[PDB]
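Participant: Next up is a structure, given as structure tokens.
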Amino acid sequence: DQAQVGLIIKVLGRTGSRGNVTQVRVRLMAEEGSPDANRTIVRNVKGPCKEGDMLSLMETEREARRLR
Amino acid sequence: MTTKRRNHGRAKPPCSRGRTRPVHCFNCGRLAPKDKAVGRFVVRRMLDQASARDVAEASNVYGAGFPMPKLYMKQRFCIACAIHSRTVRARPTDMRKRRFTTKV
Amino acid sequence: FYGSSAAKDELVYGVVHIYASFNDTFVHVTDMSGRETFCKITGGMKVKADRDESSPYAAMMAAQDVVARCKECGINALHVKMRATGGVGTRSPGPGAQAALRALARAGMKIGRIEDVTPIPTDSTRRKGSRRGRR
Amino acid sequence: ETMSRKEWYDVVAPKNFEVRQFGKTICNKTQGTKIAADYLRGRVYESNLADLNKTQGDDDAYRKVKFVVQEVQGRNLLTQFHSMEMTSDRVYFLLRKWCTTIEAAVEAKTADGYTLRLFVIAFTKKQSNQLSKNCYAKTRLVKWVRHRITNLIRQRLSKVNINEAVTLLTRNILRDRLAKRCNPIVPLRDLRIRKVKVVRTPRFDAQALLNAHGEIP
RNA sequence: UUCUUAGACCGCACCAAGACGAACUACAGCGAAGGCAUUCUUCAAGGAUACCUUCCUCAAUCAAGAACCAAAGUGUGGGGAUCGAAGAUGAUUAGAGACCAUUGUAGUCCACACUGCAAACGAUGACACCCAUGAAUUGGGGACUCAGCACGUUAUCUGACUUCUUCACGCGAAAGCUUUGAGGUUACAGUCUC
């Protein structure tokens, strides 16, 4: 795997409609000053989240919702 | 029957033309008169903000170097078309008479 | 090597035609000539199931095998030309646009002088459809 | 692979561009009597204007330039003008609804047997004091503007050769005059060249081509 | 369904053939109506305006009669790119030339003949008089080199199209109509016709 920490920088808002999934933004604290222009990816999350929560990322360069 | 709309859903006034050319739709290919047809102007981005950053990094002569172009188009829609993507919606009586002219 | 050896240690400008539609996405390779080419990639090779061959994921997965084959052709810098659809189609690209660009940039290829090159008519033939539309 | 029989070349442009080798291109080997050099002739190579010139890249990087291959020599490629083109997007930026679009085409024949369709475009501009929602104009104020255009372009370019005529379009000396002269008839917002297409090419001549490049790099 | 190693898709270059003229294009214009949109040239017109020119009642409206008339149809010849009734094939469905998808004939275009059948609507016949509130637009008129010019602003006027989503009186069963009438009509009569 890749386990790449990121801090939930804020609650982006509510996306989905099941009452299940929320769409939230992740900020990379994984970087040590390595170049990232991404630089804060939006990620869909499963279950409850809170700000300052670290979580591992199995993927990077995610725009989440897209047009689909 | 009842005159629901004075201008009849047209920008064509009575006693002038009585005929204005048909125009295709960019959805379903339906034809309607130009005046009836529902015009919008899009100004569609060629990159999302999120991706704009990443590409402007790898650029030197572009992005920072010149502001990115956009795809411009006019979009003439049918009635049914418009309503279903909810960019035109039903309004109460007082509001239906309002216009905003050709400005956004 | 196979690529540059008389343009080596200097950037070389390819051109990349990107055609995004709602059935597939294409990524092509041209060299500021268009008379000779090195690779033709389709979404449908990377991802199977026809719905998902025009999806964002298709684009990005394909894009990495642009970069793979460009660095063997001496190509480093890439001009890009984004194309929507035909002149009797729409004026909208599919979802495979905006995905491909970012995938290439992040993969260390330079990108400059992006353009919008698409066939828009002064006027053309009767558009496919009917008077009453598709319904 | 197919890169076993590939090779490279460059693309040399005239001396009236400020970058000579703006391109590095690829072509197949001779592979018998088929002969690589045959194919290379009449190939079109595009560019951006702002890369190819270091003057008036500010004014437009929204112009493109094309060429053809008149003669293969060395690893060079000796070229001549084909088209100059304004990008699709650039005219939309200008364009305002409720302002009249004018256009025109002009057949401009040079001193040489080269001949050029010069497409032109223009738009009307509301006066500083205004109350109208219209910038709409009379028809006599349309054709009359097209009149001076055709005159002034044909006039100049008649006695000026192909090479030096390209210069006027790239460095936009033409546009300035045109926009100035037409302005009293109707205030214009812009006047521009949309597209420059080459119609007739008169000859292939070693001398004229070679000389038009100056010294080959 | 359909097309592909006999190299499709894709990119560039060039050529062929036919249609069309985007955006700009509008609560804008012209035409008796039906209708009409690239550019240049060319032929004969039409409306509006300006005038201390000309004529002097030559008018208005209409059974009879005559001319024009969207699309689809019919005859003959030319053309046939695109789209496309019929037909064919694949789905969808309980059933499905269905609506959808891939195709495809007539037709779609032009010339010369017919047809005169539309929600041909402003569902509002034609001519004439009177009738108020505000802000605009479209033409004309008034206060070197297609050049004693062109545009704009202030104000006025005549002619057109319409908005007050602060239209006055009034009318109407109401919706609505308002110098642009369905108003000036039981206080019932300007004129003609269907």
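Chain lettering (A, B, ...) mirrors the order of the structure tokens, residue numbering begins at 1 for each chain separately, and ligand numbering begins at 1 in order of display.
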Just asking: which residues within chain C are strand (DSSP E or B) according to DSSP, as a count of residues only?

Facilitator: 30

Participant: Find the residues of chain B that sit at most 12 Å from chain E; for each, write down the nearest two atoms and how far apart they are in Å, to one decimal. Count only C-alpha atoms (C1' of nucleotides). Sort by chain, then by number going up, and give it as JSON lines.

Facilitator:
{"residue": "B:1", "atom": "CA", "partner": "E:123", "partner_atom": "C1'", "distance": 7.8}
{"residue": "B:2", "atom": "CA", "partner": "E:175", "partner_atom": "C1'", "distance": 6.5}
{"residue": "B:3", "atom": "CA", "partner": "E:175", "partner_atom": "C1'", "distance": 7.7}
{"residue": "B:4", "atom": "CA", "partner": "E:175", "partner_atom": "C1'", "distance": 8.7}
{"residue": "B:5", "atom": "CA", "partner": "E:176", "partner_atom": "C1'", "distance": 10.9}
{"residue": "B:6", "atom": "CA", "partner": "E:122", "partner_atom": "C1'", "distance": 9.8}
{"residue": "B:7", "atom": "CA", "partner": "E:27", "partner_atom": "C1'", "distance": 7.5}
{"residue": "B:8", "atom": "CA", "partner": "E:122", "partner_atom": "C1'", "distance": 10.0}
{"residue": "B:9", "atom": "CA", "partner": "E:27", "partner_atom": "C1'", "distance": 9.9}
{"residue": "B:10", "atom": "CA", "partner": "E:27", "partner_atom": "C1'", "distance": 7.7}
{"residue": "B:11", "atom": "CA", "partner": "E:27", "partner_atom": "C1'", "distance": 4.6}
{"residue": "B:12", "atom": "CA", "partner": "E:27", "partner_atom": "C1'", "distance": 6.6}
{"residue": "B:13", "atom": "CA", "partner": "E:162", "partner_atom": "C1'", "distance": 6.2}
{"residue": "B:14", "atom": "CA", "partner": "E:122", "partner_atom": "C1'", "distance": 5.9}
{"residue": "B:15", "atom": "CA", "partner": "E:122", "partner_atom": "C1'", "distance": 7.2}
{"residue": "B:16", "atom": "CA", "partner": "E:161", "partner_atom": "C1'", "distance": 6.5}
{"residue": "B:17", "atom": "CA", "partner": "E:35", "partner_atom": "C1'", "distance": 8.5}
{"residue": "B:18", "atom": "CA", "partner": "E:35", "partner_atom": "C1'", "distance": 8.4}
{"residue": "B:19", "atom": "CA", "partner": "E:35", "partner_atom": "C1'", "distance": 7.1}
{"residue": "B:20", "atom": "CA", "partner": "E:36", "partner_atom": "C1'", "distance": 9.3}
{"residue": "B:21", "atom": "CA", "partner": "E:37", "partner_atom": "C1'", "distance": 9.5}
{"residue": "B:23", "atom": "CA", "partner": "E:22", "partner_atom": "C1'", "distance": 10.0}
{"residue": "B:24", "atom": "CA", "partner": "E:22", "partner_atom": "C1'", "distance": 10.9}
{"residue": "B:29", "atom": "CA", "partner": "E:83", "partner_atom": "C1'", "distance": 11.5}
{"residue": "B:34", "atom": "CA", "partner": "E:25", "partner_atom": "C1'", "distance": 8.9}
{"residue": "B:35", "atom": "CA", "partner": "E:26", "partner_atom": "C1'", "distance": 9.0}
{"residue": "B:36", "atom": "CA", "partner": "E:27", "partner_atom": "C1'", "distance": 11.3}
{"residue": "B:39", "atom": "CA", "partner": "E:25", "partner_atom": "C1'", "distance": 11.5}
{"residue": "B:41", "atom": "CA", "partner": "E:23", "partner_atom": "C1'", "distance": 10.8}
{"residue": "B:72", "atom": "CA", "partner": "E:23", "partner_atom": "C1'", "distance": 9.8}
{"residue": "B:73", "atom": "CA", "partner": "E:23", "partner_atom": "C1'", "distance": 7.7}
{"residue": "B:74", "atom": "CA", "partner": "E:23", "partner_atom": "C1'", "distance": 6.9}
{"residue": "B:75", "atom": "CA", "partner": "E:23", "partner_atom": "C1'", "distance": 10.1}
{"residue": "B:76", "atom": "CA", "partner": "E:23", "partner_atom": "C1'", "distance": 11.2}
{"residue": "B:93", "atom": "CA", "partner": "E:165", "partner_atom": "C1'", "distance": 10.0}
{"residue": "B:94", "atom": "CA", "partner": "E:165", "partner_atom": "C1'", "distance": 7.4}
{"residue": "B:95", "atom": "CA", "partner": "E:165", "partner_atom": "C1'", "distance": 7.5}
{"residue": "B:96", "atom": "CA", "partner": "E:165", "partner_atom": "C1'", "distance": 8.0}
{"residue": "B:97", "atom": "CA", "partner": "E:165", "partner_atom": "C1'", "distance": 4.6}
{"residue": "B:98", "atom": "CA", "partner": "E:165", "partner_atom": "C1'", "distance": 4.5}
{"residue": "B:99", "atom": "CA", "partner": "E:165", "partner_atom": "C1'", "distance": 7.1}
{"residue": "B:100", "atom": "CA", "partner": "E:165", "partner_atom": "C1'", "distance": 10.1}
{"residue": "B:101", "atom": "CA", "partner": "E:27", "partner_atom": "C1'", "distance": 8.8}
{"residue": "B:102", "atom": "CA", "partner": "E:26", "partner_atom": "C1'", "distance": 9.1}

Participant: Could you give me, as a ChimeraX atom specification, the residues within 10 Å of residue B:28, counting only C-alpha atoms (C1' of nucleotides) and dropping anything in the same chain fewer than 5 positions from it?

Facilitator: /B:77-78,80-81 /C:127-135

Participant: Dump C-alpha atoms for the selected residues as a compact mmCIF listing (two decimals), in the first residue's frame?

Facilitator:
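So the final result, stored in selection01.txt, reads:
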# COMPACT_ATOMS: atom_id res chain seq x y z
CA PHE B 77 -32.04 25.42 -26.45
CA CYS B 78 -35.58 24.22 -26.91
CA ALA B 80 -38.53 21.31 -23.01
CA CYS B 81 -34.71 21.09 -23.05
CA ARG C 127 -28.11 18.51 -38.00
CA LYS C 128 -29.02 14.91 -37.15
CA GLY C 129 -32.24 14.85 -35.20
CA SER C 130 -35.74 15.72 -36.29
CA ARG C 131 -38.04 18.74 -36.26
CA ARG C 132 -39.64 17.36 -33.10
CA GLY C 133 -36.24 16.31 -31.72
CA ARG C 134 -35.11 13.04 -30.16
CA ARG C 135 -37.84 12.94 -27.47

Participant: Distance limit 8 Å, atoms considered: only C-alpha atoms. Which chain B residues sit that close to chain D? Return them as a ChimeraX atom specification.

Facilitator: /B:69-72

Participant: Could you list, as JSON, numbers by chain, every residue of chain A that has an atom within 10 Å of an atom of chain C, counting only C-alpha atoms?

Facilitator: {"A": [36, 37, 38, 61, 63, 66, 67, 68]}

Participant: For those residues, write N, CA and C atoms to a file as a CSV table (one decimal), in the first residue's frame.

Facilitator:
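Result saved to out-v9.csv:
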chain,number,residue,atom,x,y,z
A,36,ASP,N,4.3,20.0,-4.4
A,36,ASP,CA,3.0,19.6,-4.6
A,36,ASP,C,2.3,20.8,-5.1
A,37,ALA,N,1.6,20.7,-6.2
A,37,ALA,CA,0.8,21.8,-6.8
A,37,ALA,C,-0.7,21.4,-6.8
A,38,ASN,N,-1.0,20.3,-6.1
A,38,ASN,CA,-2.3,19.6,-6.1
A,38,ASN,C,-3.3,20.5,-5.5
A,61,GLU,N,-4.1,12.6,-6.4
A,61,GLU,CA,-4.6,13.3,-7.5
A,61,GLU,C,-6.1,12.9,-7.8
A,63,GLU,N,-10.1,14.3,-7.6
A,63,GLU,CA,-10.9,15.5,-7.7
A,63,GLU,C,-12.3,15.1,-7.3
A,66,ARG,N,-16.0,15.0,-9.8
A,66,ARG,CA,-15.9,15.1,-11.3
A,66,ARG,C,-17.2,15.6,-11.9
A,67,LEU,N,-17.6,15.2,-13.1
A,67,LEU,CA,-18.9,15.4,-13.7
A,67,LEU,C,-19.8,14.2,-13.6
A,68,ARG,N,-19.3,13.1,-13.0
A,68,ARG,CA,-19.9,11.8,-13.0
A,68,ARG,C,-20.4,11.5,-11.5

Participant: Between D:18, D:107, D:205, D:46, which is the closest to chain C once you count only C-alpha atoms?

Facilitator: D:46

Participant: By how many Å are atom CA of residue D:198 and atom CA of residue D:170 apart?

Facilitator: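 Spanning atom CA of residue D:198 to atom CA of residue D:170 is a straight-line distance of 15.0 Å.
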
Participant: I need the alpha helix (DSSP H) residues of stretch 27-133 of chain D per DSSP on the backbone, written as a PyMOL selection string.

Facilitator: chain D and resi 36-40+49-52+90-94

Participant: Quick one: write out the picked residues with N, CA, C and O atoms as a short mmCIF file (atom, residue, chain, number, x, y, z; two decimals), in the first residue's frame?

Facilitator:
data_model
loop_
_atom_site.label_atom_id
_atom_site.label_comp_id
_atom_site.auth_asym_id
_atom_site.auth_seq_id
_atom_site.Cartn_x
_atom_site.Cartn_y
_atom_site.Cartn_z
N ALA D 36 13.20 9.76 -48.95
CA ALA D 36 12.75 10.62 -47.87
C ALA D 36 12.47 12.05 -48.26
O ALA D 36 11.49 12.63 -47.80
N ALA D 37 13.34 12.63 -49.12
CA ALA D 37 13.33 14.01 -49.54
C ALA D 37 12.10 14.41 -50.30
O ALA D 37 11.64 15.55 -50.18
N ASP D 38 11.54 13.48 -51.12
CA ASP D 38 10.31 13.65 -51.86
C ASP D 38 9.16 14.00 -50.95
O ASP D 38 8.52 15.04 -51.12
N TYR D 39 8.92 13.12 -49.94
CA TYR D 39 7.90 13.22 -48.93
C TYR D 39 7.95 14.52 -48.17
O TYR D 39 6.92 15.17 -48.01
N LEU D 40 9.17 14.93 -47.75
CA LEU D 40 9.45 16.11 -46.96
C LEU D 40 8.97 17.38 -47.60
O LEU D 40 8.63 18.32 -46.88
N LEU D 49 3.20 32.18 -33.33
CA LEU D 49 3.84 33.41 -33.74
C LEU D 49 4.78 33.91 -32.68
O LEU D 49 5.95 34.16 -32.97
N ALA D 50 4.32 34.01 -31.41
CA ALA D 50 5.07 34.59 -30.31
C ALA D 50 6.36 33.88 -29.96
O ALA D 50 7.23 34.47 -29.34
N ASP D 51 6.51 32.58 -30.33
CA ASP D 51 7.75 31.85 -30.16
C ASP D 51 8.70 32.15 -31.28
O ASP D 51 9.91 32.26 -31.07
N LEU D 52 8.17 32.25 -32.52
CA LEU D 52 8.89 32.40 -33.75
C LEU D 52 9.43 33.80 -33.97
O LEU D 52 10.43 33.98 -34.66
N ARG D 90 -9.65 34.12 -29.67
CA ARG D 90 -9.27 35.51 -29.65
C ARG D 90 -10.32 36.49 -30.14
O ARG D 90 -10.38 37.61 -29.66
N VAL D 91 -11.19 36.07 -31.09
CA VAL D 91 -12.21 36.93 -31.64
C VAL D 91 -13.40 37.04 -30.72
O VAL D 91 -14.02 38.10 -30.66
N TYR D 92 -13.74 35.97 -29.97
CA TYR D 92 -14.77 35.95 -28.96
C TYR D 92 -14.52 36.93 -27.84
O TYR D 92 -15.46 37.59 -27.39
N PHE D 93 -13.25 37.02 -27.34
CA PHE D 93 -12.81 38.01 -26.37
C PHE D 93 -13.23 39.41 -26.74
O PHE D 93 -13.83 40.12 -25.93
N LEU D 94 -12.93 39.81 -28.00
CA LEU D 94 -13.31 41.07 -28.59
C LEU D 94 -14.80 41.25 -28.61
O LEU D 94 -15.32 42.24 -28.09
#

Participant: Contacts from chain D to chain E, 8 Å maximum, only C-alpha atoms (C1' of nucleotides): show me the residue list as a list in words.

Facilitator: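 Using only C-alpha atoms (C1' of nucleotides), chain D residues at most 8 Å from chain E: residues 42, 43, 44, 97, 98, 99, 100, 101, 104, 105, 127, 128, 129, 130, 132, 133, 134, 144, 184, 185, 186 and 187 of chain D.
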
Participant: Restricting the calculation to only C-alpha atoms, which member of D:16, D:48, D:183, D:211 is positioned closest to residue D:149?

Facilitator: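 That would be D:183, the residue with the smallest distance to residue D:149.
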
Participant: For chain B, which of A:56, A:34, A:40, A:22 is the closest residue, counting only C-alpha atoms?

Facilitator: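 Checking each candidate against chain B, we get A:40 as the closest.
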
Participant: Skipping near chain neighbours, those fewer than 2 positions away, what residues fall within 12 Å of stretch 70-76 of chain C using only C-alpha atoms (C1' of nucleotides), listed as a count of residues only?

Facilitator: 53

Participant: Atom CA of residue D:141 and atom CA of residue D:197, how far apart in Å?

Facilitator: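 Between these atoms lies a distance of 27.3 Å.
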
Participant: Quick one: of C:80, C:62, C:88, C:97, who's nearest to chain D, counting only C-alpha atoms?

Facilitator: C:80
